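Coordinate inspection notes
Listed below are the residues making up each chain.
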Amino acid sequence: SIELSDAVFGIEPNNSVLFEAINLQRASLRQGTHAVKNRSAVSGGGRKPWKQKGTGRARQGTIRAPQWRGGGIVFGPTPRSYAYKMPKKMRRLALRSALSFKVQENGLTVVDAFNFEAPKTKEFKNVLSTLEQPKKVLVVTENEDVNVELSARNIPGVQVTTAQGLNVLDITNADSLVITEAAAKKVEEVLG
Amino acid sequence: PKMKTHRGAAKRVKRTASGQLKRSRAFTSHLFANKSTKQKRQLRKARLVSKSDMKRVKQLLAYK
Amino acid sequence: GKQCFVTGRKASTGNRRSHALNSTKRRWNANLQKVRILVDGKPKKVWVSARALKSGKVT
Amino acid sequence: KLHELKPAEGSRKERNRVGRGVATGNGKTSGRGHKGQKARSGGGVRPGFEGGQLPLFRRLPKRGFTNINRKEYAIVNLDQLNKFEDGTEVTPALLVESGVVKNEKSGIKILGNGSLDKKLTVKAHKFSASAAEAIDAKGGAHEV
RNA sequence: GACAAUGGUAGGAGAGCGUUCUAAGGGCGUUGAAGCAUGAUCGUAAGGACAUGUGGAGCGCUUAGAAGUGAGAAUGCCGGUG
RNA sequence: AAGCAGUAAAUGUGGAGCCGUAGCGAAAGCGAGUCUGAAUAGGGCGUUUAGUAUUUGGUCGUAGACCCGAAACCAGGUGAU
RNA sequence: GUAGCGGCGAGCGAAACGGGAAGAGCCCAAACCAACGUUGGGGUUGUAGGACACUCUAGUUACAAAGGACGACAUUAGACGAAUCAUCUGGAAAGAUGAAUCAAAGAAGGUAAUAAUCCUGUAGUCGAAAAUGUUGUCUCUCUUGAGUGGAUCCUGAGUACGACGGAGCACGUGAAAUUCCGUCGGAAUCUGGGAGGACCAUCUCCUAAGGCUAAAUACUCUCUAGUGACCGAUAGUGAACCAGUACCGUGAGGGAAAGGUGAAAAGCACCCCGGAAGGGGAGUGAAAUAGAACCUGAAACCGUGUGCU
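Description of the structure in this document. (Residues numbered from 1 in each chain as written, not as in the entry; some residues may be left out. Chains lettered and ligands numbered in written order. Part of a larger assembly, values for the part shown. Heavy atoms only, no water.)

Observations regarding the overall build of chain B
Within chain B, the secondary structure is distributed over 3 helices and 3 strands. Its C-alpha radius of gyration of 15 Å places chain B more than 25% over the 11 Å reference for a compact globule of 64 residues. With respect to the three principal axes, the spread of C-alpha positions in chain B is 50 × 25 × 20 Å. In chain B, of all internal contacts separated by at least 6 residues, the share reaching a separation of at least 24 is 55%. Split by element, the accessible area of chain B, about 5400 Å² in all, is 53% carbon and sulfur. (Helix = DSSP H or I, 4+ residues; strand = E, 2+ residues; numbered from the N terminus. Rg over C-alpha atoms; globule rule 2.2 N^0.38 Å. Contact = heavy atoms within 4.5 Å. Areas by Shrake-Rupley, 256 points an atom, 1.4 Å probe, with all protein chains shown as cover.)

Structure (structure tokens):
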């Protein structure tokens, strides 16, 4: 079957918006979790090592100065978040470009509803090969699929998601997209 | 933290439509016998902050 | 220290300000007097403030 | 394709780093000049007063006061009302939902900058002298 | 292809090389990776390969991303050696 | 925007709020014009009125703020072998 | 970063409204009634409540008064758990080349080299004598609800408040309201009393001077299970190491340096020089210039030969 909306699948992709939407998602799961110590945090070094004058040595205040071995970092890492936000009218514009690009490259397959009621990985591998699908595929359905998401999750390169959980990065990564009839109708109304 | 505005400067100027500042006149406190009639009459008319002084205090009134 | 027996009168702390508004710490003691009052046992001399002495009190 | 990405031409640049070699032009002095107060670590003088000669906003006097009971109303010119159709009851409750007034501070005031060209009845808190004659000339009424 | 321009400190502006890590893609290696050593090699520069010895298990390349990203000197600090 | 929903997930929900569409005056106030003035008589500022949200780079402000270094001050303690 | 405060300098800096998380409110004094200043009943407020008068009708043991036998999960040991063989190079296969097989299991680590199918495991099911938790259904202990009623009573006293000297509210004594402390004066009793930024009048809202109260909030010496465009031995905690230890001070106190043989000790039997140490062979191993001062082994620097000078 061929069931398209002809509105959110036919627009031209916006490369400038599609690039800023991928950088936003990748930078949003970078938990910084990284910190070093400075002069105040290093243990010890509270007295002056030697008098300012009377010796042929340089003047030094603490054994934890940034030049001394074993203490003091000047400008190192610090715990911070990397996530930022973009307007709402640019989020939907980036999703339609990731969905229309697949259609332009001839990589969208509209399949009827699945009838998988028991988890079986060997059974799900057949329909992927029967439908002439590439190595990495994405599966989108209407709602949560028990006994379906349990399968196709041990196959290297197969990802199953929902209709409300589509991502700019999860879509651009797959070679082809496999969507059901009920799902393609749900995606056509949430977008555009 | 947020930037703090110059409270003393906010009591002496006001912003206009183009973006310039309206200022009062000095020498208007006392000693009016030492000045002439033409001098005191032309000191009631307000002026604007000059182009030079604007470059120094442009960020003291960011919220004004 | 010295504290009132009937109520909780005690000293406090403030500032001693001159004409130039110069700050210096100081104390404000209570008017504690030594009187002998009736007790369920033997009458005892205890520190009592002059505010509690007024309005009538046994001595 | 995540293996072929290109940003928009002219939107990205590389930051500047001072004190890294001499060929960059920002080497030893690092863009500060020679010795002075503006060359040490910790900035320089404050643009507010900077010491020295009497500052600017200390040589001019203060002026005026601030009213606490000050009232301010929104303004709807005439060229904004002509989007409605003839025979409509314009109401401060409708002007908000219509999308021409985002916030009513203490009421709506109808100014007369433009031309109405339409037949309406306008309700508002206050009116203007030239905005009350254009509503009634071509027909219509205004009610407070 | 014609004409003109190209000495430079403080300073302004533009274009590039290299180091570490992440993502996607695609490759190399016990028939010997990284590193270390030598050579008469290739680019306008920062720099890039190849062969031959030593080594005994990891590492490039392309496009983007993020920086504890470049050392000759501070009576600089620690180690080794005159 | 907090918040709720969701892998610490990048994502729908949430219009309290913020800027702009109109200025002028110390203010009452008036309004494409408003103040000064007995009087647009003249003059000052407006009739530019396409902005707004996120982000790369330059710079500024508050935080030690490009790095190293005093002679000093205060607070609580240790010492008459 | 608005109102406002401020040698109106530097600087300090709100609240209400609105949008959300969470959300039960109740006990004492007194008038009064039987008893001996005392026990119990009674009784708790502003759209004014109670005492008094007339007929009459759900335990919230986290506040609200507080003791006990009372079933399901959960914590503290664990048990099962699918699927590969062959041939080359090598000391050694997990690699390469061939055919195959599992998957609700392609997290991860080990194993003579790089393993979904070799070993511990993983997904998913099951399991508690005994102790401790979290949560219930009954039991046990408490326990009559509301209208009408001011002729007469009760509703917190050296208190409220004022002057004087200070402090605290964003607010520096200023026109300083609203809250506290020391000293001394010192009220009124529902026709009452307080507040609405000096103060008075009217008009609105609320009842001080007794006492309890769970949730949304802040933090981590710890326990358990996990993550990183975090470090990789001058780094990361001072400390990967038998470290607050050598060591240094009368003392309080101050404080380092030091990881790596090999897959496996299989750690060189015996012979030769030597008093020993250390070497030369022979052996072990894939490799001994991998021999415990043991992976790789840079520069400074110290040497032994030689081609030109």
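Points about the overall build of chain A
Helices and strands together make up the secondary structure of chain A, namely 5 helices and 4 strands. Walking chain A from its N terminus toward its C terminus, one meets helices and strands in the order α-α-β-α-β-β-α-β-α. Here the C-alpha coordinates of chain A stretch approximately 95 × 40 × 25 Å along the principal axes. A burial count over chain A gives 31% of its 192 residues as buried. When contacts within chain A are restricted to residue pairs at least 6 apart in sequence, those whose partners lie at least 24 apart make up 74%. (Buried < 20%, exposed > 50% of the residue type's maximum accessible area, 1.4 Å probe, protein only.)

Regarding the nonpolar core
By size, the foremost hydrophobic cluster in this structure holds 24 residues, and its most contacted members are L99, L166, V168 and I171 of chain A. For this core, the secondary structure elements donating two or more residues are α1 (15–26), α2 (88–104), β2 (137–140), α4 (168–173), β4 (176–180) and α5 (181–190) of chain A. Excluding its chain neighbours within four sequence positions, the residues that come into contact with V168 of chain A are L18, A21, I22, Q25, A94 and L95 of chain A. Counting residues in hydrophobic clusters, the runner-up holds 18 residues, among them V90, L120, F127 and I135 of chain D. (Core = buried A, V, L, I, M, F, W, Y, C linked by side-chain atoms within 4.5 Å.)

Overview of the interface of chain A and chain D
Tallying the contact residues gives 9 residues for chain A and 7 residues for chain D. Interface area, chain A with chain D, both sides summed: about 700 Å², of which 66% is carbon and sulfur. Per-residue buried area on chain A facing chain D is highest for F19, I22 and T172 of chain A; these three make up 55% of the total on that side. Where chain A touches chain D, the interface holds 1 salt bridge. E20 of chain A is the salt-bridge partner of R12 of chain D, the closest N and O atoms lying 3.6 Å from each other. (Buried area = accessible area lost by both parts, 1.4 Å probe. Salt bridge = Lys/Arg side-chain N within 4 Å of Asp/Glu carboxyl O.)

Re a positive patch on the surface
A cluster of basic side chains, namely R26, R30 and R80 of chain A together with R15, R17 and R20 of chain D, defines a positive patch on the protein surface. Assignment of secondary structure puts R15 of chain D in the segment before β1 (74–76). (Patch = residues over 30% accessible without salt bridge, like charges linked within 9 Å, V, L, I, M, F, W, Y side chains within 5 Å. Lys, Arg positive; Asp, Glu negative; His and termini not counted. Charge placed at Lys NZ, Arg CZ, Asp CG, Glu CD.)

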